[PDB]
Engineer: 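Questions regarding the structure given below will be posed in turn.
In what follows, every heavy atom counts, from backbone to side chain, and hydrogens, waters and symmetry copies are set aside. Residue numbers start from 1 in every chain, and the chains themselves are labelled A, B, ... in the order their sequence lines are given, proteins ahead of strands.
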Amino acid sequence: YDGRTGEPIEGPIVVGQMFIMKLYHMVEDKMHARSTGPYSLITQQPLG
Amino acid sequence: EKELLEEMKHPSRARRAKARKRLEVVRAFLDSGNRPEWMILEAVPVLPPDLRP
Amino acid sequence: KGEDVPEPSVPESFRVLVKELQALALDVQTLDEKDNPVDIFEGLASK
DNA sequence: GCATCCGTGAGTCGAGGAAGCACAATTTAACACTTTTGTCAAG
DNA sequence: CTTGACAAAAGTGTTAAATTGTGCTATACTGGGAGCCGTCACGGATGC
């Protein structure tokens, strides 16, 4: 059944129990933004 | 250049091929105004210290 | 200050390249429409 | 003509940061003193 | 606006440490040491 409407899905669905893992790649560790910051010595370009 | 140009009329293709290569280098110095002896360094430039910090 | 960004200038990377080409004994010179030299170092390197 | 050699090229972000001493010569530090400078109250 | 005490605030001048540069050793000594090694493309140049 559809939880929003209460009407059934028009076709039978494959429902079961599956083992799923939470991997080490998390958006918390990867989101990064910068306006201004440190610059390099010789080229004076932003660090990476 | 005058000697090289004269050798540019040699019947052999290798002789003219070699003469053209020599004269292309000779022409480059003649046109640009550089001196061949400038390819040997008497004074070595030193890079500014901030580019080699 | 609430203003529009100004026009850019010569990057510092190109100035580093010119000094590195000079460190190789190569005379790299930026010219103008009339072939006259144009100083991109603000006179800071002209003796 | 042909092999054989050398030289240049081979994807992009990201994350991972063992002499030793002597001595002379030069420099640095610590006094000393005088010479500004900054305040003061006046006046 | 000055006008004279004042006091650090600073500078100039020696002096002595502390640091730094330099020369010198007298048995005889006489030509180095580390790679070693699985890729494939091309030009382009020479050995002729």
Engineer: For C:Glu12 and A:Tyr39, what are the C-alpha separation, side-chain angles and deciding distance, and is it a side-chain contact (heavy atoms from CB on, under 4.5 Å)?
Structural biologist: CA-CA 12 Å; C:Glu12 202 67 8; A:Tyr39 298 101; over 6 Å; no
Engineer: Quote, to the nearest angstrom, the P distance that separates D:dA19 from E:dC29.
Structural biologist: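 Pairwise P distance, D:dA19 against E:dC29, rounds to 22 Å.
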Engineer: What pucker, north or south, follows for D:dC21 from the sign of the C1'-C2'-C3'-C4' torsion?
Structural biologist: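 South, since the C1'-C2'-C3'-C4' torsion of D:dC21 has a negative sign.
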Engineer: Does any pair with a residue in residues 5-23 of chain A pass side-chain hydrogen bond (donor to acceptor under 3.5 Å, both in side chains), and if so which ones, sequence neighbours excluded?
Structural biologist: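 Sorted pair list: A:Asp2-A:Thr5.
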Engineer: Rounded to whole Å, how long is the line connecting atom NZ of A:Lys30 with atom P of D:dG16?
Structural biologist: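 My rounded result for the distance is 9 Å.
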Engineer: Going by side-chain hydrogen bond (donor to acceptor under 3.5 Å, both in side chains), name the pairs with one or both residues in residues 5-16 of chain B, residues two or more places apart or in two chains.
Structural biologist: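 Listed by first then second residue: B:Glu6-B:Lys9, B:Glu7-B:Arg15.
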Engineer: Read from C1'-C2'-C3'-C4', is the pucker at D:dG9 north or south?
Structural biologist: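 Pucker flag: north.
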Engineer: C:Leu21 and C:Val28: which non-hydrogen atoms are nearest, and at how many Å?
Structural biologist: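 So the two residues come closest at CD1-CG2, 3.4 Å.
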Engineer: Give me the distance, rounded to whole Å, that separates E:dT20 from D:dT26 when you measure between the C1' atoms they each carry.
Structural biologist: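 Comparing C1' positions in E:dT20 and D:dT26 gives a spacing of 7 Å.
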Engineer: Kindly check if E:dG38 and E:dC37, neighbours in the strand, have base rings whose centres sit closer than 5.5 angstrom and whose planes are less than 30 degrees apart?
Structural biologist: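 Pair E:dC37, E:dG38 comes out not stacked.
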Engineer: Can you measure B:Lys18 atom NZ to E:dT46 atom P for me and round it to whole angstrom units?
Structural biologist: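 The distance from NZ of B:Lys18 to P of E:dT46 comes to 9 Å, rounded to the nearest Å.
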Engineer: Work out how far the P atom of D:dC5 is from that of E:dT39, and round it to whole angstrom.
Structural biologist: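 About 15 Å, rounded to a whole number of Å.
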Engineer: Measure from NE2 on A:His32 to P on D:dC13 and round the result to the nearest Å.
Structural biologist: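 From A:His32 NE2 to D:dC13 P: 16 Å.
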Engineer: Where does the sugar of D:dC33 land, north (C3'-endo side) or south (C2'-endo side), based on the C1'-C2'-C3'-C4' torsion?
Structural biologist: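 Pucker of D:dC33: north.
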Engineer: Can you tell me which stems DNA chain E forms when a stem means 3 or more consecutive Watson-Crick or G-U pairs under 3.5 Å?
Structural biologist: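 So far as stems of 3 or more pairs are concerned, DNA chain E shows D:1-8 with E:41-48, D:19-24 with E:20-25, D:26-42 with E:2-18.
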Engineer: Taking transitive links into account, so neighbours of neighbours count too, which hydrophobic residues share a cluster with A:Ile20 at under 4.5 Å side-chain distance?
Structural biologist: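 Via sub-4.5 Å side-chain contacts, A:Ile20 links to A:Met18.
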Engineer: Would you mind reading off the distance between A:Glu28 atom CD and D:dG14 atom P, rounded to a whole angstrom?
Structural biologist: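 Rounding to the nearest Å, CD of A:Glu28 and P of D:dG14 are 21 Å apart.
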Engineer: Under the 4.5 Å side-chain heavy-atom rule for ILVMFWY, direct or indirect, which residues accompany B:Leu23?
Structural biologist: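 Members other than B:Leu23 - counting any ILVMFWY side chain reachable under 4.5 Å - are B:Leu4, B:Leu5, B:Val26, B:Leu30.
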Engineer: Atom CG of A:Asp29 and atom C1' of D:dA15: how far apart are they, to the nearest Å?
Structural biologist: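 Computing the A:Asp29:CG to D:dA15:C1' distance gives 11 Å.
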Engineer: With positive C1'-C2'-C3'-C4' meaning north and negative meaning south, how does D:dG14 come out?
Structural biologist: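 North pucker for D:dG14; the sign of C1'-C2'-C3'-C4' is positive.
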Engineer: Taking atom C1' in both E:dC36 and D:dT12, what distance in whole Å separates the two?
Structural biologist: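 Taking atom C1' in both E:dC36 and D:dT12, they lie 37 Å apart.
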Engineer: With sequence neighbours left out, which residue pairs that include part of residues 25-41 of chain C fulfil the side-chain hydrogen bond (donor to acceptor under 3.5 Å, both in side chains) condition?
Structural biologist: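 The answer is none; no pair qualifies.
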Engineer: Do C:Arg15 and C:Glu42 touch side chain to side chain, with heavy atoms closer than 4.5 Å?
Structural biologist: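 They are in side-chain contact.
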Engineer: Determine the sugar pucker of D:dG17: a positive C1'-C2'-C3'-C4' angle counts as north, a negative one as south.
Structural biologist: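 North pucker for D:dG17.
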Engineer: Separation of B:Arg15 atom CZ from E:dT46 atom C1', in whole Å?
Structural biologist: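 In whole Å, E:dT46 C1' and B:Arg15 CZ are 17 Å from each other.
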Engineer: Starting from P on D:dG14, measure out to CE on A:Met31 and report it in whole angstrom.
Structural biologist: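 So the two atoms are 17 Å apart, to the nearest Å.
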Engineer: When the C1' atoms of E:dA28 and D:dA18 are considered, how many whole Å apart are they?
Structural biologist: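 Taking atom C1' in both E:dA28 and D:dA18, they lie 22 Å apart.
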Engineer: Between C1' on E:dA45 and CZ on B:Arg20, what's the gap in Å once rounded to a whole number?
Structural biologist: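 The answer, rounded to whole Å, is 14 Å.
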Engineer: By the stacking rule (ring centres under 5.5 Å, planes under 30°), does E:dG32 stack with E:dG33?
Structural biologist: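 In short, yes, the neighbouring bases stack by the stated criterion.
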